[PDB]
file protein_11.tsv (TSV, N, CA and C atoms)
chain	number	residue	atom	x	y	z
A	491	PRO	N	113.43	-36.09	112.79
A	491	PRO	CA	114.07	-37.39	112.54
A	491	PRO	C	115.56	-37.29	112.27
A	492	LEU	N	116.01	-36.16	111.73
A	492	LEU	CA	117.40	-35.99	111.31
A	492	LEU	C	117.90	-34.61	111.70
A	493	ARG	N	119.09	-34.58	112.30
A	493	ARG	CA	119.76	-33.38	112.77
A	493	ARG	C	120.84	-32.97	111.75
A	494	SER	N	121.64	-31.97	112.09
A	494	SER	CA	122.59	-31.41	111.14
A	494	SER	C	123.99	-31.39	111.73
A	495	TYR	N	124.99	-31.67	110.88
A	495	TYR	CA	126.38	-31.74	111.31
A	495	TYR	C	126.88	-30.38	111.80
A	496	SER	N	126.71	-29.34	110.98
A	496	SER	CA	127.05	-27.98	111.38
A	496	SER	C	128.52	-27.80	111.76
A	497	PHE	N	129.43	-27.96	110.80
A	497	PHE	CA	130.86	-27.78	111.04
A	497	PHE	C	131.20	-26.30	111.08
A	498	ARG	N	132.25	-25.96	111.85
A	498	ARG	CA	132.87	-24.64	111.87
A	498	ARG	C	134.32	-24.72	111.41
A	499	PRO	N	134.92	-23.61	110.97
A	499	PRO	CA	136.33	-23.65	110.56
A	499	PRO	C	137.29	-23.63	111.75
A	500	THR	N	136.77	-23.88	112.95
A	500	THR	CA	137.60	-23.97	114.14
A	500	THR	C	137.42	-25.26	114.92
A	501	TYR	N	136.53	-26.16	114.50
A	501	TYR	CA	136.29	-27.41	115.20
A	501	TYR	C	137.59	-28.17	115.43
A	502	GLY	N	137.62	-29.06	116.42
A	502	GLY	CA	138.77	-29.93	116.60
A	502	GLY	C	138.89	-30.86	115.42
A	503	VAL	N	140.02	-31.55	115.25
A	503	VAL	CA	140.22	-32.35	114.04
A	503	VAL	C	139.07	-33.35	113.97
A	504	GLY	N	139.02	-34.27	114.92
A	504	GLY	CA	137.75	-34.72	115.47
A	504	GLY	C	136.61	-34.70	114.48
A	505	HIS	N	135.59	-33.92	114.83
A	505	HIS	CA	134.42	-33.71	113.99
A	505	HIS	C	134.69	-32.62	112.96
A	506	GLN	N	135.31	-32.97	111.84
A	506	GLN	CA	135.62	-32.03	110.78
A	506	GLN	C	135.10	-32.56	109.46
A	507	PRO	N	134.82	-31.68	108.49
A	507	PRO	CA	134.33	-32.15	107.19
A	507	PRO	C	135.27	-33.15	106.55
A	508	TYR	N	134.79	-34.36	106.30
A	508	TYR	CA	135.58	-35.41	105.68
A	508	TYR	C	134.78	-35.94	104.50
A	509	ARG	N	135.34	-35.77	103.31
A	509	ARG	CA	134.71	-36.27	102.10
A	509	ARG	C	134.97	-37.76	101.97
A	510	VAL	N	133.94	-38.49	101.55
A	510	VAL	CA	134.02	-39.94	101.40
A	510	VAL	C	133.47	-40.32	100.04
A	511	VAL	N	134.23	-41.13	99.30
A	511	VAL	CA	133.78	-41.72	98.05
A	511	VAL	C	133.88	-43.23	98.22
A	512	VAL	N	132.74	-43.90	98.27
A	512	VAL	CA	132.68	-45.35	98.31
A	512	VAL	C	132.60	-45.86	96.88
A	513	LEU	N	133.64	-46.54	96.43
A	513	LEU	CA	133.71	-47.04	95.06
A	513	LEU	C	133.36	-48.52	95.03
A	514	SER	N	132.06	-48.79	95.13
A	514	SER	CA	131.58	-50.16	95.03
A	514	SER	C	131.88	-50.74	93.65
A	515	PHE	N	132.21	-52.02	93.61
A	515	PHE	CA	132.54	-52.71	92.37
A	515	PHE	C	131.52	-53.82	92.12
A	516	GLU	N	131.56	-54.37	90.91
A	516	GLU	CA	130.61	-55.39	90.47
A	516	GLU	C	131.37	-56.49	89.74
A	517	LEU	N	130.82	-57.70	89.77
A	517	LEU	CA	131.39	-58.81	89.01
A	517	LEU	C	130.31	-59.70	88.42
A	518	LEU	N	129.17	-59.12	88.05
A	518	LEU	CA	128.09	-59.90	87.44
A	518	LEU	C	128.61	-60.65	86.22
A	519	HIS	N	127.88	-61.69	85.79
A	519	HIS	CA	128.31	-62.45	84.62
A	519	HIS	C	128.29	-61.61	83.36
A	520	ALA	N	127.59	-60.48	83.38
A	520	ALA	CA	127.57	-59.61	82.21
A	520	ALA	C	128.99	-59.12	81.93
A	521	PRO	N	129.34	-58.85	80.68
A	521	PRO	CA	130.73	-58.54	80.36
A	521	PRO	C	131.25	-57.34	81.14
A	522	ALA	N	132.50	-57.43	81.57
A	522	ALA	CA	133.16	-56.33	82.23
A	522	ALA	C	133.44	-55.23	81.20
A	523	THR	N	133.24	-53.99	81.61
A	523	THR	CA	133.39	-52.86	80.69
A	523	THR	C	134.15	-51.72	81.35
A	524	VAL	N	134.47	-51.87	82.64
A	524	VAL	CA	135.26	-50.89	83.38
A	524	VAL	C	136.61	-51.54	83.67
A	525	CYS	N	137.69	-50.91	83.23
A	525	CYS	CA	139.02	-51.50	83.35
A	525	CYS	C	140.05	-50.41	83.58
A	526	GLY	N	141.22	-50.81	84.06
A	526	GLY	CA	142.30	-49.88	84.29
A	526	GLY	C	143.01	-49.50	83.00
A	527	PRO	N	143.98	-48.58	83.10
A	527	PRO	CA	144.61	-48.03	81.90
A	527	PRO	C	145.24	-49.06	80.97
A	528	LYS	N	145.79	-50.15	81.52
A	528	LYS	CA	146.49	-51.13	80.69
A	528	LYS	C	147.66	-50.48	79.96
A	529	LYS	N	148.68	-50.07	80.71
A	529	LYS	CA	149.88	-49.47	80.14
A	529	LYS	C	150.47	-50.34	79.03
A	530	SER	N	151.27	-49.71	78.18
A	530	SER	CA	151.87	-50.36	77.02
A	530	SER	C	153.34	-49.97	76.92
A	531	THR	N	154.18	-50.92	76.52
A	531	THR	CA	155.61	-50.70	76.31
A	531	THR	C	155.84	-50.14	74.91
A	532	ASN	N	157.09	-49.80	74.60
A	532	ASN	CA	157.47	-49.47	73.23
A	532	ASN	C	157.57	-50.75	72.40
B	199	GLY	N	126.74	-62.26	76.70
B	199	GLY	CA	126.28	-60.95	77.11
B	199	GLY	C	126.71	-59.84	76.18
B	200	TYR	N	127.28	-60.21	75.03
B	200	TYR	CA	127.68	-59.26	74.01
B	200	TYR	C	126.70	-59.31	72.85
B	201	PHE	N	126.37	-58.14	72.31
B	201	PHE	CA	125.49	-58.02	71.16
B	201	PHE	C	126.36	-57.76	69.93
B	202	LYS	N	126.41	-58.72	69.02
B	202	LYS	CA	127.24	-58.64	67.83
B	202	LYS	C	126.38	-58.39	66.60
B	203	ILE	N	126.82	-57.45	65.77
B	203	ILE	CA	126.16	-57.11	64.53
B	203	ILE	C	127.18	-57.20	63.41
B	204	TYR	N	126.88	-58.03	62.41
B	204	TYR	CA	127.61	-58.09	61.16
B	204	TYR	C	126.71	-57.57	60.06
B	205	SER	N	127.29	-56.97	59.03
B	205	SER	CA	126.45	-56.37	58.00
B	205	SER	C	127.17	-56.37	56.67
B	206	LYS	N	126.38	-56.29	55.60
B	206	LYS	CA	126.91	-56.15	54.25
B	206	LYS	C	125.87	-55.47	53.38
B	207	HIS	N	126.31	-54.53	52.55
B	207	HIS	CA	125.45	-53.82	51.62
B	207	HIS	C	125.89	-54.11	50.20
B	208	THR	N	124.92	-54.44	49.34
B	208	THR	CA	125.20	-54.77	47.95
B	208	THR	C	124.15	-54.11	47.09
B	209	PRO	N	124.47	-53.76	45.84
B	209	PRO	CA	123.42	-53.45	44.86
B	209	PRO	C	123.03	-54.65	44.02
B	210	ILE	N	121.72	-54.89	43.86
B	210	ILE	CA	121.25	-56.06	43.12
B	210	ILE	C	120.84	-55.65	41.72
B	215	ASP	N	112.03	-62.64	46.67
B	215	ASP	CA	113.18	-63.49	46.38
B	215	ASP	C	114.46	-62.84	46.91
B	216	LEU	N	115.57	-63.59	46.87
B	216	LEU	CA	116.86	-63.08	47.28
B	216	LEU	C	117.89	-63.46	46.22
B	217	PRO	N	118.97	-62.69	46.09
B	217	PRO	CA	119.97	-63.00	45.07
B	217	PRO	C	120.60	-64.37	45.29
B	218	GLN	N	120.97	-65.01	44.19
B	218	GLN	CA	121.59	-66.33	44.23
B	218	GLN	C	123.11	-66.23	44.19
B	219	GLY	N	123.67	-65.46	45.12
B	219	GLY	CA	125.10	-65.24	45.19
B	219	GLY	C	125.62	-65.43	46.61
B	220	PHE	N	126.94	-65.32	46.73
B	220	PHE	CA	127.63	-65.47	48.00
B	220	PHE	C	128.34	-64.17	48.33
B	221	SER	N	128.12	-63.67	49.55
B	221	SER	CA	128.85	-62.52	50.07
B	221	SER	C	128.86	-62.64	51.59
B	222	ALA	N	130.02	-62.43	52.19
B	222	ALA	CA	130.21	-62.67	53.62
B	222	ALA	C	130.04	-61.38	54.40
B	223	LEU	N	129.13	-61.40	55.38
B	223	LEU	CA	128.91	-60.24	56.22
B	223	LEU	C	130.12	-59.97	57.10
B	224	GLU	N	130.46	-58.70	57.26
B	224	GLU	CA	131.66	-58.31	57.99
B	224	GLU	C	131.30	-57.76	59.36
B	225	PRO	N	132.16	-57.93	60.36
B	225	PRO	CA	131.82	-57.44	61.70
B	225	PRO	C	131.57	-55.94	61.67
B	226	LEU	N	130.41	-55.54	62.16
B	226	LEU	CA	130.06	-54.13	62.24
B	226	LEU	C	130.32	-53.58	63.64
B	227	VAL	N	129.65	-54.14	64.65
B	227	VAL	CA	129.85	-53.68	66.02
B	227	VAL	C	129.57	-54.79	67.03
B	228	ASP	N	130.46	-54.95	68.00
B	228	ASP	CA	130.19	-55.74	69.19
B	228	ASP	C	130.00	-54.78	70.35
B	229	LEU	N	128.86	-54.90	71.04
B	229	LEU	CA	128.50	-53.98	72.11
B	229	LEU	C	128.33	-54.72	73.43
B	230	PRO	N	128.89	-54.22	74.53
B	230	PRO	CA	128.75	-54.91	75.82
B	230	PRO	C	127.35	-54.85	76.42
B	231	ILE	N	126.39	-54.23	75.74
B	231	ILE	CA	124.98	-54.18	76.10
B	231	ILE	C	124.71	-54.77	77.48
B	232	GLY	N	124.15	-55.98	77.54
B	232	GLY	CA	123.90	-56.63	78.81
B	232	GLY	C	122.52	-57.24	78.95
B	233	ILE	N	121.63	-56.94	78.01
B	233	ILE	CA	120.25	-57.44	78.06
B	233	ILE	C	120.18	-58.86	77.53
B	234	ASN	N	119.00	-59.47	77.63
B	234	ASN	CA	118.79	-60.89	77.39
B	234	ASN	C	117.78	-61.08	76.26
B	235	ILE	N	118.05	-60.44	75.12
B	235	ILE	CA	117.13	-60.36	73.99
B	235	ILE	C	116.40	-61.68	73.78
B	236	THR	N	115.07	-61.60	73.66
B	236	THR	CA	114.24	-62.76	73.37
B	236	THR	C	113.29	-62.54	72.20
B	237	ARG	N	112.89	-61.30	71.95
B	237	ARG	CA	112.03	-60.93	70.84
B	237	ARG	C	112.55	-59.62	70.27
B	238	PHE	N	112.06	-59.26	69.09
B	238	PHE	CA	112.54	-58.06	68.40
B	238	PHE	C	111.54	-57.68	67.32
B	239	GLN	N	111.62	-56.43	66.88
B	239	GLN	CA	110.70	-55.93	65.86
B	239	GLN	C	111.38	-54.83	65.06
B	240	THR	N	111.08	-54.80	63.76
B	240	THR	CA	111.67	-53.81	62.86
B	240	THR	C	111.03	-52.45	63.05
B	241	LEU	N	111.78	-51.39	62.70
B	241	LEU	CA	111.34	-50.00	62.82
B	241	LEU	C	111.44	-49.32	61.47
B	242	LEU	N	110.30	-48.82	61.00
B	242	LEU	CA	110.21	-48.07	59.76
B	242	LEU	C	109.47	-46.76	59.99
call {"tool": "encode", "arguments": {"input": "protein_11.tsv", "output": "structure tokens"}}
result
Amino acid sequence: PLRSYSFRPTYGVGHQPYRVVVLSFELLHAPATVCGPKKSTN
Amino acid sequence: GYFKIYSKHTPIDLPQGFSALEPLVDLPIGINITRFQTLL
């Protein structure tokens, strides 16, 4: 049912190991708890 | 969607006095509390 990528260190750029991080987000009515740094001045 | 707990501890039916509970913890929890039970 499923085959294998099988990369080599000589493949064309083409089919080369590419890492992917999908950062799905949420906006449910439940309170937000993930936020950015929120920089601060002096 | 926030779970808030206020608390106060005193040394002493219930006492016939006034004391205001202070904020202990607000937690972003997320559940929809409908029932509860004590643990001893």
call {"tool": "residues_around", "arguments": {"input": "protein_11.tsv", "residues": "segment 224-226 of chain B", "least_positions_apart": "3", "cutoff": "6.5 Å", "atoms": "all atoms listed in the file", "output": "ChimeraX atom specification"}}
result
/B:203-206
call {"tool": "interface_residues", "arguments": {"input": "protein_11.tsv", "of": "chain A", "to": "chain B", "cutoff": "8 Å", "atoms": "only N, CA and C atoms", "output": "number ranges by chain"}}
result
A: 519-523
call {"tool": "atom_distance", "arguments": {"input": "protein_11.tsv", "atom1": "atom C of residue 501 of chain A", "atom2": "atom N of residue 513 of chain A"}}
result
26.7 Å
call {"tool": "atom_distance", "arguments": {"input": "protein_11.tsv", "atom1": "atom C of residue 239 of chain B", "atom2": "atom CA of residue 222 of chain B"}}
result
23.4 Å
call {"tool": "select_by_dssp", "arguments": {"input": "protein_11.tsv", "residues": "chain B", "states": "strand (DSSP E)", "output": "number ranges by chain"}}
result
B: 201-205, 224-229
call {"tool": "axis_aligned_box", "arguments": {"input": "protein_11.tsv", "around": "segment 207-221 of chain B", "padding_each_side": "8 Å", "output": "AutoDock Vina command-line options"}}
result
--center_x 120.4 --center_y -59.9 --center_z 47.1 --size_x 32.8 --size_y 28.9 --size_z 26.8
call {"tool": "atom_distance", "arguments": {"input": "protein_11.tsv", "atom1": "atom N of residue 518 of chain A", "atom2": "atom CA of residue 234 of chain B"}}
result
15.0 Å
call {"tool": "build_atoms", "arguments": {"input": "protein_11.tsv", "residues": "segment 492-509 of chain A", "atoms": "N, CA, C and O atoms", "output": "compact mmCIF listing (two decimals), keeping the file's coordinate frame"}}
result
# COMPACT_ATOMS: atom_id res chain seq x y z
N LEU A 492 116.01 -36.16 111.73
CA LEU A 492 117.40 -35.99 111.31
C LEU A 492 117.90 -34.61 111.70
O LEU A 492 117.24 -33.60 111.46
N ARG A 493 119.09 -34.58 112.30
CA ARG A 493 119.76 -33.38 112.77
C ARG A 493 120.84 -32.97 111.75
O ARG A 493 120.92 -33.57 110.67
N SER A 494 121.64 -31.97 112.09
CA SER A 494 122.59 -31.41 111.14
C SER A 494 123.99 -31.39 111.73
O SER A 494 124.17 -31.09 112.92
N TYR A 495 124.99 -31.67 110.88
CA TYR A 495 126.38 -31.74 111.31
C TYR A 495 126.88 -30.38 111.80
O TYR A 495 127.41 -30.27 112.91
N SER A 496 126.71 -29.34 110.98
CA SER A 496 127.05 -27.98 111.38
C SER A 496 128.52 -27.80 111.76
O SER A 496 128.82 -27.53 112.92
N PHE A 497 129.43 -27.96 110.80
CA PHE A 497 130.86 -27.78 111.04
C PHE A 497 131.20 -26.30 111.08
O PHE A 497 130.56 -25.48 110.41
N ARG A 498 132.25 -25.96 111.85
CA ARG A 498 132.87 -24.64 111.87
C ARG A 498 134.32 -24.72 111.41
O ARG A 498 134.93 -25.80 111.45
N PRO A 499 134.92 -23.61 110.97
CA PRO A 499 136.33 -23.65 110.56
C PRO A 499 137.29 -23.63 111.75
O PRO A 499 138.48 -23.36 111.58
N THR A 500 136.77 -23.88 112.95
CA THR A 500 137.60 -23.97 114.14
C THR A 500 137.42 -25.26 114.92
O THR A 500 138.12 -25.45 115.92
N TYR A 501 136.53 -26.16 114.50
CA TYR A 501 136.29 -27.41 115.20
C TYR A 501 137.59 -28.17 115.43
O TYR A 501 138.57 -27.95 114.70
N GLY A 502 137.62 -29.06 116.42
CA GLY A 502 138.77 -29.93 116.60
C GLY A 502 138.89 -30.86 115.42
O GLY A 502 137.93 -30.97 114.65
N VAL A 503 140.02 -31.55 115.25
CA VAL A 503 140.22 -32.35 114.04
C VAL A 503 139.07 -33.35 113.97
O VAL A 503 138.26 -33.30 113.04
N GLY A 504 139.02 -34.27 114.92
CA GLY A 504 137.75 -34.72 115.47
C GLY A 504 136.61 -34.70 114.48
O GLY A 504 136.63 -35.35 113.43
N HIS A 505 135.59 -33.92 114.83
CA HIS A 505 134.42 -33.71 113.99
C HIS A 505 134.69 -32.62 112.96
O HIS A 505 134.34 -31.46 113.18
N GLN A 506 135.31 -32.97 111.84
CA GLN A 506 135.62 -32.03 110.78
C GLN A 506 135.10 -32.56 109.46
O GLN A 506 134.95 -33.78 109.30
N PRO A 507 134.82 -31.68 108.49
CA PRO A 507 134.33 -32.15 107.19
C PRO A 507 135.27 -33.15 106.55
O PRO A 507 136.43 -32.82 106.26
N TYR A 508 134.79 -34.36 106.30
CA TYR A 508 135.58 -35.41 105.68
C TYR A 508 134.78 -35.94 104.50
O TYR A 508 133.67 -36.45 104.68
N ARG A 509 135.34 -35.77 103.31
CA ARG A 509 134.71 -36.27 102.10
C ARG A 509 134.97 -37.76 101.97
O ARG A 509 136.06 -38.24 102.25
